[PDB]
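Engineer: Just work.txt, nothing more (compact mmCIF, N, CA and C atoms):
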```txt
# COMPACT_ATOMS: atom_id res chain seq x y z
N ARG T 1 33.82 -35.53 -22.34
CA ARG T 1 35.10 -34.89 -22.46
C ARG T 1 35.14 -33.60 -23.26
N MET T 2 34.74 -33.63 -24.51
CA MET T 2 34.91 -32.45 -25.33
C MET T 2 34.32 -31.19 -24.75
N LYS T 3 33.29 -31.44 -23.98
CA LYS T 3 32.53 -30.40 -23.33
C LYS T 3 33.35 -29.75 -22.23
N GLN T 4 33.93 -30.55 -21.37
CA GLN T 4 34.76 -29.99 -20.34
C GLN T 4 35.92 -29.27 -21.01
N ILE T 5 36.49 -29.90 -22.03
CA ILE T 5 37.62 -29.33 -22.73
C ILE T 5 37.36 -27.90 -23.16
N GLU T 6 36.20 -27.66 -23.72
CA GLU T 6 35.88 -26.34 -24.16
C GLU T 6 35.72 -25.44 -22.99
N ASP T 7 35.17 -26.00 -21.95
CA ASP T 7 34.90 -25.17 -20.80
C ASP T 7 36.21 -24.67 -20.19
N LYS T 8 37.19 -25.60 -20.08
CA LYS T 8 38.55 -25.40 -19.61
C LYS T 8 39.27 -24.44 -20.53
N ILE T 9 38.94 -24.47 -21.81
CA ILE T 9 39.51 -23.49 -22.70
C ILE T 9 39.03 -22.07 -22.40
N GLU T 10 37.73 -21.86 -22.11
CA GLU T 10 37.16 -20.54 -21.81
C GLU T 10 37.84 -19.99 -20.55
N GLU T 11 38.11 -20.88 -19.60
CA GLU T 11 38.77 -20.57 -18.34
C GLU T 11 40.18 -20.04 -18.59
N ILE T 12 40.84 -20.64 -19.55
CA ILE T 12 42.21 -20.36 -19.88
C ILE T 12 42.37 -19.04 -20.52
N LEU T 13 41.38 -18.78 -21.27
CA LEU T 13 41.38 -17.59 -22.05
C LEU T 13 41.33 -16.41 -21.09
N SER T 14 40.54 -16.57 -20.06
CA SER T 14 40.38 -15.52 -19.06
C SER T 14 41.62 -15.31 -18.23
N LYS T 15 42.34 -16.41 -17.97
CA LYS T 15 43.60 -16.47 -17.19
C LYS T 15 44.71 -15.65 -17.88
N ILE T 16 44.83 -15.91 -19.13
CA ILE T 16 45.67 -15.17 -20.03
C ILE T 16 45.38 -13.67 -20.04
N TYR T 17 44.11 -13.32 -20.20
CA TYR T 17 43.74 -11.90 -20.37
C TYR T 17 44.10 -11.11 -19.09
N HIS T 18 44.02 -11.78 -17.94
CA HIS T 18 44.44 -11.21 -16.70
C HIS T 18 45.95 -10.94 -16.71
N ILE T 19 46.73 -11.95 -17.01
CA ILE T 19 48.20 -11.88 -17.10
C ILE T 19 48.69 -10.78 -18.02
N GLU T 20 47.97 -10.56 -19.10
CA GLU T 20 48.38 -9.51 -20.00
C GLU T 20 48.12 -8.16 -19.37
N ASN T 21 47.25 -8.14 -18.40
CA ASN T 21 46.94 -6.90 -17.78
C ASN T 21 47.98 -6.58 -16.75
N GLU T 22 48.48 -7.63 -16.04
CA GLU T 22 49.55 -7.54 -15.04
C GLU T 22 50.83 -7.00 -15.68
N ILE T 23 51.13 -7.60 -16.81
CA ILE T 23 52.22 -7.24 -17.65
C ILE T 23 52.09 -5.81 -18.11
N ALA T 24 50.94 -5.43 -18.64
CA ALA T 24 50.81 -4.07 -19.16
C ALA T 24 51.13 -3.02 -18.09
N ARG T 25 50.70 -3.35 -16.90
CA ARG T 25 50.85 -2.56 -15.71
C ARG T 25 52.32 -2.42 -15.33
N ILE T 26 52.93 -3.58 -15.20
CA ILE T 26 54.33 -3.71 -14.80
C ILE T 26 55.20 -2.95 -15.75
N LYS T 27 54.72 -2.82 -16.96
CA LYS T 27 55.54 -2.14 -17.89
C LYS T 27 55.55 -0.65 -17.65
N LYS T 28 54.47 -0.15 -17.06
CA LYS T 28 54.35 1.26 -16.79
C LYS T 28 55.23 1.61 -15.59
N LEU T 29 55.32 0.66 -14.68
CA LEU T 29 56.10 0.84 -13.48
C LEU T 29 57.62 0.86 -13.66
N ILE T 30 58.11 0.46 -14.83
CA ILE T 30 59.53 0.30 -15.11
C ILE T 30 60.07 1.27 -16.15
N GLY T 31 60.66 0.78 -17.24
CA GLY T 31 61.22 1.63 -18.28
C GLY T 31 60.22 1.82 -19.42
N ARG D 1 44.16 -38.78 -30.90
CA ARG D 1 43.73 -37.48 -31.27
C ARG D 1 43.17 -36.72 -30.07
N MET D 2 42.41 -37.42 -29.27
CA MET D 2 41.88 -36.85 -28.06
C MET D 2 42.93 -36.75 -26.95
N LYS D 3 43.70 -37.81 -26.77
CA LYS D 3 44.78 -37.82 -25.78
C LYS D 3 45.78 -36.72 -26.03
N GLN D 4 46.09 -36.45 -27.32
CA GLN D 4 46.99 -35.38 -27.72
C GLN D 4 46.40 -34.09 -27.20
N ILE D 5 45.13 -33.82 -27.56
CA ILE D 5 44.40 -32.62 -27.14
C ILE D 5 44.65 -32.36 -25.63
N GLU D 6 44.29 -33.37 -24.82
CA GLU D 6 44.51 -33.41 -23.40
C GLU D 6 45.95 -33.15 -22.97
N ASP D 7 46.94 -33.73 -23.63
CA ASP D 7 48.30 -33.44 -23.25
C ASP D 7 48.55 -31.96 -23.47
N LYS D 8 48.01 -31.45 -24.55
CA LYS D 8 48.14 -30.06 -24.88
C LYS D 8 47.64 -29.19 -23.73
N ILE D 9 46.49 -29.55 -23.18
CA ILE D 9 45.88 -28.77 -22.11
C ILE D 9 46.73 -28.80 -20.84
N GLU D 10 47.28 -29.94 -20.45
CA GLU D 10 48.06 -29.93 -19.23
C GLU D 10 49.28 -29.05 -19.39
N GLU D 11 49.74 -28.97 -20.63
CA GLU D 11 50.87 -28.17 -21.00
C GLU D 11 50.59 -26.71 -20.80
N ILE D 12 49.48 -26.27 -21.37
CA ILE D 12 49.06 -24.91 -21.18
C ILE D 12 48.95 -24.54 -19.67
N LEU D 13 48.33 -25.42 -18.87
CA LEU D 13 48.22 -25.33 -17.43
C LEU D 13 49.58 -25.20 -16.72
N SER D 14 50.55 -26.03 -17.07
CA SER D 14 51.85 -25.98 -16.40
C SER D 14 52.57 -24.66 -16.65
N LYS D 15 52.58 -24.24 -17.88
CA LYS D 15 53.19 -23.02 -18.25
C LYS D 15 52.51 -21.83 -17.62
N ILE D 16 51.18 -21.79 -17.61
CA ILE D 16 50.49 -20.65 -17.02
C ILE D 16 50.92 -20.41 -15.58
N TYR D 17 51.06 -21.52 -14.91
CA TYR D 17 51.44 -21.59 -13.53
C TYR D 17 52.86 -21.06 -13.33
N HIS D 18 53.72 -21.40 -14.27
CA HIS D 18 55.08 -20.93 -14.30
C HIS D 18 55.08 -19.43 -14.42
N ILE D 19 54.33 -18.95 -15.39
CA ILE D 19 54.20 -17.55 -15.66
C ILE D 19 53.70 -16.77 -14.44
N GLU D 20 52.65 -17.23 -13.77
CA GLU D 20 52.11 -16.59 -12.58
C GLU D 20 53.16 -16.54 -11.44
N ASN D 21 54.06 -17.50 -11.39
CA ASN D 21 55.16 -17.45 -10.45
C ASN D 21 56.20 -16.38 -10.80
N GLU D 22 56.65 -16.34 -12.06
CA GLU D 22 57.59 -15.34 -12.51
C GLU D 22 57.04 -13.96 -12.12
N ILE D 23 55.85 -13.62 -12.58
CA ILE D 23 55.18 -12.37 -12.33
C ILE D 23 55.16 -11.99 -10.84
N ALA D 24 55.04 -12.98 -9.99
CA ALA D 24 55.09 -12.78 -8.56
C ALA D 24 56.45 -12.27 -8.11
N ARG D 25 57.45 -13.02 -8.49
CA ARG D 25 58.79 -12.60 -8.13
C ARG D 25 59.15 -11.25 -8.71
N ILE D 26 58.52 -10.85 -9.81
CA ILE D 26 58.89 -9.60 -10.48
C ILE D 26 58.34 -8.41 -9.72
N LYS D 27 57.23 -8.65 -9.06
CA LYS D 27 56.56 -7.67 -8.26
C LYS D 27 57.37 -7.38 -7.00
N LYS D 28 57.63 -8.45 -6.23
CA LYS D 28 58.55 -8.47 -5.10
C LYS D 28 59.80 -7.63 -5.35
N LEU D 29 60.55 -8.02 -6.38
CA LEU D 29 61.73 -7.33 -6.88
C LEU D 29 61.53 -5.86 -7.19
N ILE D 30 60.39 -5.49 -7.83
CA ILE D 30 60.10 -4.08 -8.14
C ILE D 30 59.23 -3.35 -7.13
N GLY D 31 58.95 -4.02 -6.02
CA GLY D 31 58.06 -3.51 -4.99
C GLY D 31 58.28 -4.22 -3.66
N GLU D 32 57.36 -4.03 -2.71
CA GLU D 32 57.46 -4.62 -1.38
C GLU D 32 57.97 -6.07 -1.37
N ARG V 1 34.19 -30.00 -34.81
CA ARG V 1 34.27 -29.93 -33.38
C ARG V 1 35.68 -30.12 -32.81
N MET V 2 36.32 -31.18 -33.22
CA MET V 2 37.64 -31.48 -32.73
C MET V 2 38.68 -30.52 -33.29
N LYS V 3 38.43 -30.01 -34.50
CA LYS V 3 39.33 -29.15 -35.24
C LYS V 3 39.32 -27.74 -34.68
N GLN V 4 38.13 -27.33 -34.33
CA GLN V 4 37.98 -26.01 -33.82
C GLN V 4 38.80 -25.99 -32.54
N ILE V 5 38.58 -26.99 -31.67
CA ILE V 5 39.36 -27.14 -30.45
C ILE V 5 40.86 -27.09 -30.70
N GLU V 6 41.32 -27.77 -31.73
CA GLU V 6 42.75 -27.76 -32.03
C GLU V 6 43.17 -26.38 -32.47
N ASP V 7 42.30 -25.71 -33.19
CA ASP V 7 42.71 -24.42 -33.70
C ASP V 7 42.92 -23.45 -32.57
N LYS V 8 42.05 -23.50 -31.60
CA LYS V 8 42.02 -22.60 -30.49
C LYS V 8 43.19 -22.90 -29.54
N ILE V 9 43.58 -24.18 -29.39
CA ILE V 9 44.72 -24.60 -28.56
C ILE V 9 46.04 -24.06 -29.17
N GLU V 10 46.16 -24.01 -30.48
CA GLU V 10 47.35 -23.46 -31.06
C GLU V 10 47.41 -21.95 -30.85
N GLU V 11 46.25 -21.28 -30.87
CA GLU V 11 46.15 -19.83 -30.68
C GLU V 11 46.57 -19.45 -29.28
N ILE V 12 46.16 -20.29 -28.37
CA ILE V 12 46.59 -20.19 -27.00
C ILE V 12 48.11 -20.34 -26.83
N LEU V 13 48.76 -21.34 -27.44
CA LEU V 13 50.20 -21.57 -27.31
C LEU V 13 51.00 -20.43 -27.95
N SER V 14 50.40 -19.74 -28.87
CA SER V 14 51.02 -18.66 -29.55
C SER V 14 51.10 -17.45 -28.64
N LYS V 15 50.00 -17.19 -28.00
CA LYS V 15 49.82 -16.06 -27.10
C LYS V 15 50.79 -16.24 -25.99
N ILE V 16 50.80 -17.48 -25.51
CA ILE V 16 51.60 -17.82 -24.35
C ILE V 16 53.10 -17.63 -24.58
N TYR V 17 53.57 -17.94 -25.79
CA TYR V 17 54.95 -17.78 -26.25
C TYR V 17 55.32 -16.30 -26.20
N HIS V 18 54.45 -15.49 -26.75
CA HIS V 18 54.59 -14.05 -26.77
C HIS V 18 54.77 -13.43 -25.35
N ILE V 19 53.99 -13.85 -24.36
CA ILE V 19 54.02 -13.39 -22.97
C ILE V 19 55.33 -13.81 -22.34
N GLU V 20 55.82 -14.99 -22.72
CA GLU V 20 57.07 -15.51 -22.16
C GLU V 20 58.27 -14.67 -22.67
N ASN V 21 58.19 -14.16 -23.87
CA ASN V 21 59.20 -13.31 -24.40
C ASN V 21 59.08 -11.98 -23.64
N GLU V 22 57.86 -11.48 -23.44
CA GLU V 22 57.61 -10.22 -22.71
C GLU V 22 58.25 -10.26 -21.34
N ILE V 23 58.00 -11.37 -20.66
CA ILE V 23 58.59 -11.58 -19.37
C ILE V 23 60.11 -11.51 -19.39
N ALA V 24 60.70 -12.11 -20.43
CA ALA V 24 62.16 -12.21 -20.57
C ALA V 24 62.89 -10.87 -20.65
N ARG V 25 62.23 -9.97 -21.34
CA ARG V 25 62.65 -8.65 -21.55
C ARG V 25 62.36 -7.83 -20.30
N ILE V 26 61.31 -8.11 -19.57
CA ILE V 26 61.12 -7.36 -18.37
C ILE V 26 62.19 -7.71 -17.39
N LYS V 27 62.42 -8.99 -17.23
CA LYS V 27 63.46 -9.52 -16.35
C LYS V 27 64.85 -8.90 -16.59
N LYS V 28 65.09 -8.61 -17.85
CA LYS V 28 66.32 -8.00 -18.27
C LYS V 28 66.32 -6.60 -17.75
N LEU V 29 65.29 -5.87 -18.17
CA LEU V 29 65.03 -4.48 -17.79
C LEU V 29 65.25 -4.15 -16.32
N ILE V 30 65.06 -5.09 -15.41
CA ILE V 30 65.21 -4.78 -13.99
C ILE V 30 66.40 -5.50 -13.40
N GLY V 31 67.19 -6.05 -14.30
CA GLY V 31 68.32 -6.83 -13.85
C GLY V 31 68.06 -8.18 -13.19
N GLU V 32 66.96 -8.85 -13.51
CA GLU V 32 66.79 -10.16 -12.94
C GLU V 32 67.63 -11.16 -13.74
N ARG V 33 68.42 -11.96 -13.02
CA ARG V 33 69.29 -12.90 -13.70
C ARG V 33 70.03 -13.79 -12.72
```
Show me this structure written as structure tokens.
Structural biologist:
Amino acid sequence: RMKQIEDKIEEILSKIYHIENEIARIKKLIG
Amino acid sequence: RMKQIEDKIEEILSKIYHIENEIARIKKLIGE
Amino acid sequence: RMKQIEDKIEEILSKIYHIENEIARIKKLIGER
């Protein structure tokens, strides 16, 4: 378990970093 | 202690999914 | 081992809260409601 857990955490971290990029972008497109 | 950890993870998963949906609709609305 | 995991899970929930606020303000900005 703990092993997968960490692995799933690394995955999550990457998911987030993508989303922040979408957001950063979207912000340029608006106000 | 471990089960808590796990509940935490499903939580993070559900919300991320929510967020990816919002972002979708926001694009639609501001674009094609 | 277990603590480090917990520490990182809280860091994640923090980040995630912040993005949800970002979203809220964007939604406002374009009139989503």
Engineer: Between atom N of residue 22 of chain V and atom C of residue 17 of chain D, what is the distance, to one decimal in Å?
Structural biologist: 14.8 Å
Engineer: Name all residues at most 8 Å from residue 2 of chain T (count only N, CA and C atoms; drop same-chain ones fewer than 3 positions away) and give them as a count of residues only.
Structural biologist: 6
Engineer: Identify every residue of chain D that has at least one atom within 8 Å of any atom of chain V, counting only N, CA and C atoms, and report the result as an MDAnalysis selection string.
Structural biologist: chainID D and resid 5 8:9 12 15:16 19 22:23 26 29:30
Engineer: Quick one: contact table of chain T to chain V, 8 Å max, nearest atom pair and distance in Å to one decimal per residue, counting all atoms listed in the file, chain and number order, as JSON lines?
Structural biologist:
```
{"residue": "T:2", "atom": "CA", "partner": "V:1", "partner_atom": "C", "distance": 7.9}
{"residue": "T:5", "atom": "C", "partner": "V:5", "partner_atom": "CA", "distance": 7.6}
{"residue": "T:6", "atom": "CA", "partner": "V:5", "partner_atom": "CA", "distance": 7.2}
{"residue": "T:9", "atom": "CA", "partner": "V:8", "partner_atom": "C", "distance": 7.8}
{"residue": "T:12", "atom": "C", "partner": "V:12", "partner_atom": "CA", "distance": 7.8}
{"residue": "T:13", "atom": "CA", "partner": "V:12", "partner_atom": "CA", "distance": 7.6}
{"residue": "T:16", "atom": "CA", "partner": "V:16", "partner_atom": "CA", "distance": 7.8}
{"residue": "T:19", "atom": "C", "partner": "V:19", "partner_atom": "CA", "distance": 7.7}
{"residue": "T:20", "atom": "CA", "partner": "V:19", "partner_atom": "CA", "distance": 7.5}
{"residue": "T:23", "atom": "CA", "partner": "V:22", "partner_atom": "C", "distance": 7.7}
{"residue": "T:26", "atom": "C", "partner": "V:26", "partner_atom": "CA", "distance": 7.8}
{"residue": "T:27", "atom": "CA", "partner": "V:26", "partner_atom": "CA", "distance": 7.7}
{"residue": "T:30", "atom": "CA", "partner": "V:29", "partner_atom": "C", "distance": 7.3}
{"residue": "T:31", "atom": "N", "partner": "V:29", "partner_atom": "C", "distance": 6.8}
```
Engineer: By how many Å are atom C of residue 31 of chain D and atom C of residue 15 of chain T apart?
Structural biologist: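 Atom C of residue 15 of chain T lies 22.7 Å from atom C of residue 31 of chain D.
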Engineer: What is the distance, in Å and to one decimal place, between atom N of residue 21 of chain V and atom N of residue 14 of chain T?
Structural biologist: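 Atom N of residue 14 of chain T lies at a distance of 18.2 Å from atom N of residue 21 of chain V.
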